[PDB]
Amino acid sequence: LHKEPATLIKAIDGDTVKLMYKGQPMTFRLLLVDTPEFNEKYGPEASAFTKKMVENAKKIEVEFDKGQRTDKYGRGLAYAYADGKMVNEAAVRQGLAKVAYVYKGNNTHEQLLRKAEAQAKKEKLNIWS
Ligand SMILES: Cc1cn([C@H]2C[C@H](OP(=O)(O)O)[C@@H](COP(=O)(O)O)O2)c(=O)[nH]c1=O
Ligand SMILES: [Ca+2]
């Protein structure tokens, strides 16, 4: 896979963010994860975690997987990086996202993220407390 440039337009919630990619505004949905909705338990904490990570980054990048690059709602589907650190992984590692929505052929980082979930669960963090 390849990292590509993007810039933050606006944080949205734990697993979606609005970015400018190739000069166009897009909502991105993070691959392979599910955060609680803002209205649910840990939702506000997941939103705040992803907001801080993307707002504090000097450099945002997106990395598309091998399959679909957009979903049925027109959201980009990607791995997002903040100063080199994967947001999708970091939210799972802190127990603020579950591994989810693992579709065949857009699942390059599945094992990396399942290892992060196992660690968060062993630590009883957040969702796993
Ligand atoms: C993450 C992901 C979500 N989606 C779709 C499945 C779900 O459809 P439904 O809306 O019909 O439930 C929705 C979940 O996104 P949210 O968790 O952002 O609600 O997005 C994909 O199609 N591909 C993906 O990789
Ligand atoms: Ca969600």
Side-chain angles (χ1 to χ4, degrees):
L1 302 190
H2 294 283
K3 286 174 189 57
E4 297 179 62
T7 52
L8 179 67
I9 295 177
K10 212 178 176 160
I12 305 170
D13 75 359
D15 59 22
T16 58
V17 60
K18 188 119 97 93
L19 307 177
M20 189 188 294
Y21 169 69
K22 289 179 173 195
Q24 302 305 325
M26 285 173 64
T27 294
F28 282 83
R29 175 64 166 82
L30 294 184
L31 282 170
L32 305 185
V33 306
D34 191 37
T35 49
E37 303 295 325
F38 182 80
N39 76 296
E40 305 173 325
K41 188 161 192 180
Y42 299 106
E45 291 78 11
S47 294
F49 174 91
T50 295
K51 176 186 167 65
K52 180 168 190 222
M53 193 165 178
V54 297
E55 284 183 354
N56 293 7
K58 298 309 198 333
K59 170 165 91 178
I60 300 291
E61 297 167 288
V62 295
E63 178 182 58
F64 294 100
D65 208 318
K66 298 302 278 172
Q68 302 269 43
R69 294 186 176 198
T70 67
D71 69 17
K72 65 183 177 191
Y73 303 118
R75 304 181 297 178
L77 295 172
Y79 312 100
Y81 294 85
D83 290 332
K85 300 249 184 72
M86 202 203 301
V87 179
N88 314 49
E89 186 193 18
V92 173
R93 179 64 182 87
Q94 292 307 309
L96 292 170
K98 295 180 180 187
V99 179
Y101 296 108
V102 186
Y103 301 94
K104 190 190 172 230
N106 263 348
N107 73 334
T108 297
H109 299 310
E110 178 178 9
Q111 289 313 125
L112 182 77
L113 267 58
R114 291 201 185 275
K115 175 62 168 293
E117 189 177 271
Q119 297 166 143
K121 195 181 300 207
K122 183 99 195 265
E123 296 172 2
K124 300 296 179 54
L125 237 51
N126 292 312
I127 284 167
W128 308 114
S129 75

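Residue indices begin at 1 and follow the sequence shown. Counting starts at 1 for both ligands and their atoms, following the listed order. For the numbers below, each heavy atom of this structure counts, side chains included, while hydrogens, waters and symmetry mates do not.
- Here the protein heavy atom with the shortest distance to atom 11 (O) of ligand 1 is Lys72 NZ, 2.8 Å.
- The residue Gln68 has no part lying near ligand 1, judged by heavy-atom distances below 4.0 Å.
- For atom 12 (O) of ligand 1, the closest non-hydrogen atom of the protein is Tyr101 OH, 4.5 Å.
- Side chain of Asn126 to main chain of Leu96: no donor-acceptor pair is present (N/O by atom type, distance under 3.5 Å, no hydrogens or angles).
- Among all protein heavy atoms, the one lying closest to atom 9 (P) of ligand 1 is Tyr73 OH, 3.6 Å.
- Taking the six-membered ring where the residue is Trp, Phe28 and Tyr21 present perpendicular rings, their angle passing 60° and hence far from 30°.
- Between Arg75 and ligand 1, an N or O atom pair is found at a separation short of 3.5 Å.
- Protein heavy atom closest to atom 19 (O) of ligand 1, with residue, atom name and distance, is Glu37 OE2, 4.0 Å.
- Below 4.0 Å from some heavy atom of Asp34 lie the following atoms of ligand 1, by number and element: 17 (O).
- For atom 23 (N) of ligand 1, the nearest non-hydrogen atom of the protein is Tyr103 CE1, 3.5 Å.
- Residue-level proximity to ligand 1 for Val33 is absent, since no heavy atom of it falls below 4.0 angstrom.
- One option in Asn106, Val102, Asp71 has a heavy atom closer to atom 22 (O) of ligand 1 than any other, and that option is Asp71.
- Using a 4.0 Å cut-off between a side-chain N of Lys or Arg and a carboxylate O of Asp or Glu, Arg93 and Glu123 qualify as a salt bridge.
- When only non-hydrogen protein atoms are considered, atom 25 (O) of ligand 1 lies nearest to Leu77 CD2, 3.6 Å.
- Of the polar atoms of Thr16, none of the N or O atoms is found under 3.5 Å from an N or O of ligand 1, judged by distance alone.
- Of the possible donor and acceptor atoms, one in the side chain of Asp83 sits under 3.5 Å from a partner among the backbone N and O of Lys58.
- Rounding to 10 degrees gives 80° for the angle at the Ca ion (ligand 2) between OD2 of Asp15 and OD1 of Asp34.
- Salt bridge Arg29/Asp13: absent, no basic N to carboxylate O contact under 4.0 Å.
- A salt bridge links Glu55 and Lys51; the closest N-O separation between the charged side-chain nitrogens and carboxylate oxygens is under 4.0 Å.
- Placement of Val102 and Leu1 within a single hydrophobic cluster is found when ILVMFWY residues are connected by side-chain heavy-atom separations under 4.5 Å, directly or transitively.
- Using modelled atom types, no side-chain atom of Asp65 and backbone atom of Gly67 make a donor-acceptor pair closer than 3.5 Å.
- The shortest contact between atom 17 (O) of ligand 1 and any protein heavy atom is with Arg29 NH2, 2.9 Å.
- Within the 4.5 Å cutoff, side-chain heavy atoms of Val54 are placed close to those of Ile60.
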